[PDB]
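Reviewing the structure listed below.
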Amino acid sequence: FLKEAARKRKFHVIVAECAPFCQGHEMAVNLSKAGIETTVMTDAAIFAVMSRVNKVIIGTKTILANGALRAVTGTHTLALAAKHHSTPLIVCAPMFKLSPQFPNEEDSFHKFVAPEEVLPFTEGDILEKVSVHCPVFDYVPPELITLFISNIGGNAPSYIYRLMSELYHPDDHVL
Amino acid sequence: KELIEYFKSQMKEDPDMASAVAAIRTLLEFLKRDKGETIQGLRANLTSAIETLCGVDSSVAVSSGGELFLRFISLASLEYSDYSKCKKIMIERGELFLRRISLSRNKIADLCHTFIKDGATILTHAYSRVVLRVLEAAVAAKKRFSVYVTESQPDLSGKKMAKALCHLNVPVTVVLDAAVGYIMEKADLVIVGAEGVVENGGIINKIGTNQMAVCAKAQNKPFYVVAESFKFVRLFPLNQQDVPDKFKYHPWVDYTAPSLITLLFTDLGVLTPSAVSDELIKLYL
Amino acid sequence: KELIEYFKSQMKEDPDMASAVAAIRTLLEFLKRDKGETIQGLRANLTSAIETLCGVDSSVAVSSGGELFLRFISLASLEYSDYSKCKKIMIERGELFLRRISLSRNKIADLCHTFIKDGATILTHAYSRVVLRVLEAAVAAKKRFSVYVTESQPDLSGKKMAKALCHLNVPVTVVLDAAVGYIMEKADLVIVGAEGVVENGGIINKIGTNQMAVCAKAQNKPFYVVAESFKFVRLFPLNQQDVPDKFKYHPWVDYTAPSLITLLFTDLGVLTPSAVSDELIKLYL
């Protein structure tokens, strides 16, 4: 979505890396390879830099039933900052990323991986006392989202329920 | 007459049962009495009965059930424009509709009881059979939680709700009507029943519900609502004054905007504040 | 003893008068009884009396008045470190302080009654002498307005306020404690009394005040507060739980954040929620 418009428009892209798995560096490099004037930064400076930002475009892992998302860790704070500054937050996700479930569940929402990425094993004896948690994903409510760009055109989160009714059958929700 | 008496009889064998379901049962039972074979005579006689019933019981649910019955008869009229086999097919469809509406409460409980977690605090305003069923199914699911009920000063029904909840071995607690803001921070979610669902998504509930929703919005507290499908009404109040005065009568009801509601648990499924408008548009009531 | 009896006597000749002013009068009157000529004996005997008085009357105003009296004695102690002429000068200064605190109510009314316009609707929660004086001065200024008072379910004092207001030939109206959100749109401003002003600017008032302030914030309604200067207390509650339990005791009081308050009408002048912190810092109480 970003590199398709760089051939006819010129803009500035800010990329916030992910603390557990710094995957934003690859995206920043791939974008700079096309001449888009990209920048890389940490999550701690999200709100500090989100006063000069004009738009936000992100990707999700799955779309829930009430229009909320299961995105990588750090997207909830991004949506909060967007809502504080009243900036539109666009979500580019195909139709196969749409799940027919509401935030029913509890605790098993996020995928927890080994704490090696957050705190290394070479710390010392403090690892027996310190409790480390490494959630990969997080929950983003629908109220902080503005638009959903899909293969069938953009739509509002308040219409995602209809897409659910259009995609899946109510008896196959539990599977 | 017989309409008043039959309504009160159905209300009295089981107190539990709501007024709108009893009204629909009375309307269908009086449908067997109909002798006229013209469609406007059936329409006017039944519409007269629904208005009289609504006069007897000033509630939004009765009017909603009456509007739904007339819309269902209008669909069964667009069947063939017959009123020769139409009355028969209509009676069968109505019986099916009544049996289907009977299971609404169980469906709502089985679908809403999953949003309650162990160790969480719930905040309810007034007594409601739907929230009671949800809580009974949650405690039936090997869950433990605490509940806070508002005393509901207009009529002391919150104490009845607390008694019925404490009877189920749950640590219930009654708070003052003016203390809804003091205990809002000690609540994880809010679940209340709705007397009637408006066109946009808001709810018409007891006088002490909109202020609680406002406090929930002020503290990012999930405000859930549980209501059946026969409570959908084609109203669109813009404020507390646009609500019809016949439903309020110290008013006895208020309107809550959909922006303060998180989700809706109905027999048709778990819905958002906007999906009800789609449903109402599909019915063309 | 004599402290309890003197407090109750001063409370009983005039009911109108608040508890903190009566407590300050009793403390100054018992100051004449003091025979010890050491400063810690005077300090401890008087501090014992203030704690006993606070035990008898569970209110934030009494504690505020006691804290202010001890701070004023500490200043009169930093006078010379004498306790030879110090007791005398202290008694004179205390008499002056009492006469000055007597006019606080009139000053607050004359300063707050100007913010009420002709034809406006006012919303009050519970009975308060300060809001009553403000309304009496406004109607004394050839003004006409309507008032809505909450019944205050914990103790039926809202009805007393409505009676005292209707006695002044004003179209008062009593609403339910759960109806604060239904009549919020029909109110132009909100004026209520404060039992105690916290360090940041919030107020400790009846249990049904924070929810009203929240509704006022949700509808951009001016929320004014009227309180005296002897009600300033060095507390900083972060939520409804940080408030001391001795003041709450179904709690009888709640805390309101300063972000929901528009202005403050005190005997020191019309102030904003932040100027009270400056005043408290200047006193070093």
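Only this structure's heavy atoms are used, side chains among them; waters, hydrogens and symmetry mates stay out. Numbers restart at 1 for each chain; the letters A, B, ... are given by sequence-line order, proteins then strands.
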| Under 3.5 Å, is there a donor-acceptor pair between the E185(C) and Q240(B) side chains? |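 Absent: no donor and acceptor within the cut-off.
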| Proximal component of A218(B), with respect to chain C [non-hydrogen, under 4.5 Å] |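 Looking at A218(B), just its side chain touches chain C.
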| request: Please state whether the side chain, the backbone, both or neither of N210(B) comes within less than 4.5 Å of a heavy atom of chain C. | output: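 Contact with chain C involves the side chain of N210(B) alone.
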| request: Answer with side chain, backbone, both or neither: which region of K217(C) has an atom nearer than 4.5 Å to a non-hydrogen atom of chain B? | output: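 No part of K217(C) comes within 4.5 Å of chain B.
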| request: Heavy-atom distances under 4.5 Å only: say whether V175(C) touches chain B with side chain, backbone, both or neither. | output: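 Only the backbone of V175(C) comes within 4.5 Å of chain B.
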| field | Atom of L176(C), atom of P154(B) and distance for their closest heavy-atom approach | value |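 Smallest heavy-atom distance, with atoms named: CD1-CG, 3.7 Å.
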| Pick from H125(C), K248(C), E151(C) with the largest number of heavy-atom pairs that fall under 4.5 Å of chain B |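 If we count pairs closer than 4.5 Å to chain B, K248(C) comes out on top.
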| request: Go through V174(C), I207(C), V243(C), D177(C) and name the one with the most non-hydrogen pairs under 4.5 angstrom from chain B. | output: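 It is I207(C).
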| said: Once rounded to the nearest 0.5 Å, what's the spacing between atom OH of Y182(B) and atom CD of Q211(C)? | reply: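 Reported value, rounded in 0.5 Å steps: 14.0 Å.
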| task | Flag the one option from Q241(B), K206(B), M184(B) with the top tally of heavy-atom pairs under 4.5 Å to chain C. | result |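 Of the candidates given, the most pairs with chain C belong to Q241(B).
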